[PDB]
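1. Partial complex follows, first chain(s) only, in situ:
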Amino acid sequence: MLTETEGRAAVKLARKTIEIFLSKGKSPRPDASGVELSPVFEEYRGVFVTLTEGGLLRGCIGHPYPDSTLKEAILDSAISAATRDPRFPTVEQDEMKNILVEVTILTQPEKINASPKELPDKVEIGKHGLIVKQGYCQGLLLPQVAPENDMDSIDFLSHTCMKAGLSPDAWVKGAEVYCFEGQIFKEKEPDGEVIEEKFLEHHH
Amino acid sequence: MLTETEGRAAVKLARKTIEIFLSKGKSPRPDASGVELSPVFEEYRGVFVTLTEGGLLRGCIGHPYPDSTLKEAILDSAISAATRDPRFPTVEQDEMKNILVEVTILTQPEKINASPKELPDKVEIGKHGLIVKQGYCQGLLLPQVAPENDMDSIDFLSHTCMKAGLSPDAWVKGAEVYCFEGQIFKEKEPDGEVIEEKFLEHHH
Amino acid sequence: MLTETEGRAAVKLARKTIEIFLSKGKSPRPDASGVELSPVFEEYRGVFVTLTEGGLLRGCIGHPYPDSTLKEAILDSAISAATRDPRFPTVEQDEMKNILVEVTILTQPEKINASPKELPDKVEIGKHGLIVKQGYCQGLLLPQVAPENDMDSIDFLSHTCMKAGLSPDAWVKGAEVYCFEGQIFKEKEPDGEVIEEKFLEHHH
């Protein structure tokens, strides 16, 4: 989990990277964006960068898996959010002064160390996201999936298993299960104050 | 799909219903809200009422299934989003002047009339939410589920079947499949202009 | 479990029913077959009637579910095995003196009263056959299925759930689980000595 300070740096970094990229058509050097980044940005974790304009979605791309360091993923996601979202036209430079940035940061996935019959009780609906990995098969469902679609812990484990391409009961037979959380930091005004949204799901 | 006019009427109904219930303690009569409602409100469709305060989630409750008329669904969902969301404290009367009201309206679910071999090509990821029905058993998944969790048509059909408590291949064996879409109307400001968000999914 | 006598009566009933049907062309009166029948024959349980000739399958029909009393189930399965097996022509009257009769009797299915956490431990592979029921959905898998296809308790419960048209994890969620056993009684010689085969499965 990121502190308020780290959360603020996250959005500032996303905003900076985009503005830099919209100007010189090139991404900034990871450690030379003009934002102080604590060592947490070196951790491998997923993230999503959301852009809103006039209260409407303007673009959003992200890394669900911790395939990249937080730093790299923010850079890539932010530039992708403003220029690679096929649902929207590329954002122009002067548009950013009217665009609001949102950064959803996922925690480093940690293996739930329990026995098959204990797993349901260790999976918290509304807080946890899951990754099921067995052999070379891997699958994941974001935290909002379970609460927004009325799934209990047993349901969540089973759907994530099938998401991985495995049998729904794979978790019952010992499939490796990892859990992770998320947090959202967002601009209250362009380049302004940053607020934190604890809930990733709309409804539960 | 609701027109701008109807969408505006929907959000207004949500606000009024909440303000009235918060005022006294008796849910006003749906048609007796003071808000004009076209015949679209007599249609059976699912809905969600979302409240935000200062850019942060303040409450949200809904009924995804089309079991009540739009009018009644909004009514119930609105008061519940404000007083029955176990995630937040009850909304106080004086808080509504600082709250933004959002209303997500789902379309009347329509049966996909295609053989099992053709069903996947009928399901559009990003637009369609699904309902699988078999006898009295029924299950549904919101439109945003597939796009946000990298599921294709086949995955969505299989997952919705399991959500219904049925085998993942139930759709392959002729189980009924219904699809639906949604739209969001939200206040740019309390009791102010209402805009339309056509995207139910954050990312795809 | 049927006794040696009851089992002997089972085969004799099956054999006599056929010899009588083949001759006069009608089914004997259920209680005027010529074989003593204990009260076990009034219990609702499944059974199969097998006919072999010269060491080869000649016919086989049965009732997997306890839809009928043992008596009724045997008369019907016996006549069908001799005259209604689409894999073979109808048996001739002179053929019965060259045919061996086999009868597989299943026990009345009994609900396993255990929590999902206990279910796998209560299901004995190689002995138990399963029936899963949850509402109007019902499915069963014979005792030999699990041991012949290398399935453990967990696998067997999941496969029976899907057989019932339900999600594989239905048992983890509280779906009703019923177990049953079986035994085979067969003629060592035409209308001769009846021996009991305790294993319904070829391998395990």
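-> Nice, thanks for sending it over. Numbers count the residues shown, from 1 in each chain, chains lettered A, B, ... in the order given.

2. Those residues of chain A touching chain C, which are they?
-> A:117, A:154-155, A:158, A:167-169, A:172-173 (Cβ under 8 Å from any Cβ of the partner chain). C-beta here means a position set from N, CA and C on the backbone, and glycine is covered the same way.

3. Does residue A:169 touch residue C:156 like I think?
-> No - Residue A:169 lies out of contact with residue C:156 (Cβ atoms under 8 Å); the separation is 10.9 Å.

4. re earlier: which one of the residues of chain A next to chain C is nearest residue B:186?
-> residue A:155 (29.9 Å; Cβ to Cβ).

5. number of nearby residues for the nearest residue to residue A:175 once chain neighbours are set aside?
-> Among residues not flanking residue A:175 along the chain, residue A:134 sits closest, at 4.3 Å (Cβ to Cβ, 6 or more residues apart in numbering or on different chains). The number of residues packed near residue A:134 is 19, by other Cβ atoms under 10 Å in any protein chain shown.

6. Pull up the gap between residue A:134 and residue A:178, please.
-> 11 Å (Cβ to Cβ, to the nearest Å).

7. And residue A:165, by the same measure?
-> Counting by Cβ to Cβ, the gap from residue A:165 to residue A:178 is 16 Å.

8. How about residue A:78?
-> 26 Å.

9. So for the two, which sits in the more crowded spot?
-> Neighbour totals were compared for residue A:78 and residue A:178, and residue A:78 leads with 32 against 19 (other Cβ under 10 Å).

10. In terms of helix, strand or coil, where does that one fall?
-> Put simply, residue A:78 is helix when judged by DSSP: H, G, I helix; E, B strand; the rest coil.

11. pretty sure it contacts residue A:17?
-> Yes - counting by Cβ under 8 Å, residue A:78 touches residue A:17, with 4.6 Å between them.

12. Which residue, other than its chain neighbours, is closest to the residue with the shortest distance to the centre of chain A?
-> In chain A, the residue lying closest to the centroid (Cα atoms, centre = their mean) is residue A:47, at 3.0 Å. Nearest in space to residue A:47, with sequence neighbours left out and distances taken as Cβ to Cβ, 6+ apart, is residue A:73 at 4.8 Å.

13. Could I get the phi/psi values of the one you found?
-> phi -60, psi -40 (degrees, to the nearest 10).

14. ok, now which ones touch it?
-> Residue A:73 is in contact with A:45-47, A:62-63, A:67, counting by Cβ atoms under 8 Å, 6 or more residues apart in numbering or on different chains.

15. And for residue A:166?
-> So residue A:166 contacts A:132, A:134, A:137, A:139, A:175 (Cβ under 8 Å, 6+ apart).

16. Whichever of those end up buried, select them in PyMOL.
-> Restricted to buried positions by 16 or more other Cβ atoms under 10 Å in any protein chain shown, the PyMOL selection for the contacts of residue A:166 reads:
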select buried, chain A and resi 132+134+139+175
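
17. Check the contacts of residue A:166 against chain C and report the nearest one.
-> Minimum distance to chain C across the contacts of residue A:166 is 11.7 Å, recorded for residue A:175 (Cβ to the nearest Cβ).

18. Give the phi and psi angles for that closest one, as a check.
-> According to degrees, to the nearest 10, residue A:175 has phi -60, psi 140.

19. extra chain here, label it chain D:
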Amino acid sequence: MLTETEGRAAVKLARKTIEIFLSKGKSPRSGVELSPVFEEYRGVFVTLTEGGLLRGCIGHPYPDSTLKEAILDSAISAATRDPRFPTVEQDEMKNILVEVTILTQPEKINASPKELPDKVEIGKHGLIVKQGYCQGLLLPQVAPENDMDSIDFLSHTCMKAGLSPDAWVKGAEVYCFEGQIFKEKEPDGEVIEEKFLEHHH
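-> Adding chain D to the chains above:
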């Protein structure tokens, strides 16, 4: 598919492997004319019956070994490694009937998922679902005996491989195979062939 001649050689190989092992407590290979079919990789089961009752049966469903090797191993295990029965004594073989179930080499079904259910024949085909290093198989008698159509069979085999039931719909490889049974009508005597692997359909 094995010829009748080969079918007879398979049961004799099974019977002799057991008598010899039961004699000097170990194994060779023989004295039985074996055609090249015994060098093919295919599953097999060896069954022993005595007095019309099962006396032992062990087998390898998957074609992990050549038929020859699978037969020797299965036969010896059927007589000395089946925990359901006590070990068979030397004197017992003269009163035991030998049965050998030989499965064909699994052949890939080359069709689109839409066509697979049409290619699977209930009653004849057994299935192996393969996706990477994950494999699963269900014997031919499974579908007809438990009232499963093609779709059911494909889905259950996918789960048997530890995969999602809809894996076959998503392109997982499917292989089909058949089997045949050759059995002794008399100890060390005549060998007939049972055409039906399923009890009931």
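
20. Please reconsider the neighbour count of residue A:134 now that chain D is part of the model.
-> By other Cβ under 10 Å, neighbour count at residue A:134 equals 21.

21. show me the contacts for it.
-> For residue A:134, counting by Cβ under 8 Å, 6+ apart, the contacting residues are A:164, A:166, A:170, A:175-176, D:162.

22. what two of the residues you listed are the furthest from one another?
-> Applying Cβ to Cβ across the contacts of residue A:134, the maximum distance is between A:176 and D:162, 13.2 Å.

23. Chain A against chain B: which residues are in contact?
-> Residues of chain A lying near chain B (Cβ under 8 Å from any Cβ): A:48, A:50, A:54-57, A:60-62, A:64, A:87, A:126, A:140-142, A:144-145, A:148-149, A:151, A:155, A:158-159, A:162-163, A:168, A:186, A:188, A:195, A:197, A:199, A:202-204.

24. Now, those residues that are in helices?
-> A:145, A:148, A:155, A:158-159, A:162-163 (DSSP state H).

25. Dump those residues into CSV; add neighbour count as well.
-> Formatted as CSV, these follow (neighbours: other Cβ atoms under 10 Å in any protein chain shown):
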residue, neighbour count
A:145, 27
A:148, 24
A:155, 24
A:158, 27
A:159, 29
A:162, 29
A:163, 24
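
26. and of those, the nearest to chain D?
-> residue A:162 (4.8 Å).

27. Nearest spatial neighbour of the closest one, chain-adjacent residues omitted?
-> residue D:164 is the one closest to residue A:162 (Cβ to Cβ, 6+ apart), at 4.8 Å.

28. Map the structural domains onto the sequence of chain A.
-> Listed by curated CATH domains, the domain ranges of chain A are A:2-108+A:182-204, A:109-181.

29. Among those, show me which one is buried the most.
-> Ranked by average neighbour count under the criterion mean count of other Cβ atoms under 10 Å in any protein chain shown, these are headed by domain A:109-181 at a mean of 21.

30. distance between the ends of it?
-> Domain A:109-181 stretches 8 Å from its first residue to its last (Cα to Cα, to the nearest Å).

31. Please, where are all the strands along chain A?
-> A:47-53, A:56-63, A:99-106, A:110-111, A:129-134, A:137-141, A:176-180, A:182-187, A:194-197 (DSSP state E).

32. list the helices and strands the fourth one packs on?
-> In terms of contacts (3 or more Cβ pairs under 8 Å, 6 or more residues apart in numbering or on different chains; DSSP states H and E), strand A:110-111 is packed against strand A:176-180.

33. what's the angle from the strand it packs on to strand A:129-134?
-> 160 degrees (axes from the mean of the first three to the mean of the last three Cα atoms, to 10 degrees).

34. from the middle of its chain, how far away would strand A:176-180 be?
-> In terms of Cα atoms, centre = their mean, to the nearest Å, the centre of strand A:176-180 is set 16 Å apart from its chain centre.

35. what does that strand rub up against?
-> A:45-46, A:106-112, A:119, A:122-123, A:128-134, A:143, A:157, A:160, A:171.

36. redo that, cut-off 10 Å
-> For strand A:176-180, contacts defined as Cβ atoms under 10 Å, 6 or more residues apart in numbering or on different chains pick out A:45-46, A:64-66, A:106-114, A:116, A:119, A:122-124, A:127-135, A:138, A:140, A:142-143, A:156-157, A:160-161, A:164, A:170-171.

37. That one pairs with which strands, parallel or anti?
-> Sheet pairing for strand A:176-180, assigned by DSSP bridges, gives strand A:110-111 (antiparallel), strand A:129-134 (antiparallel).
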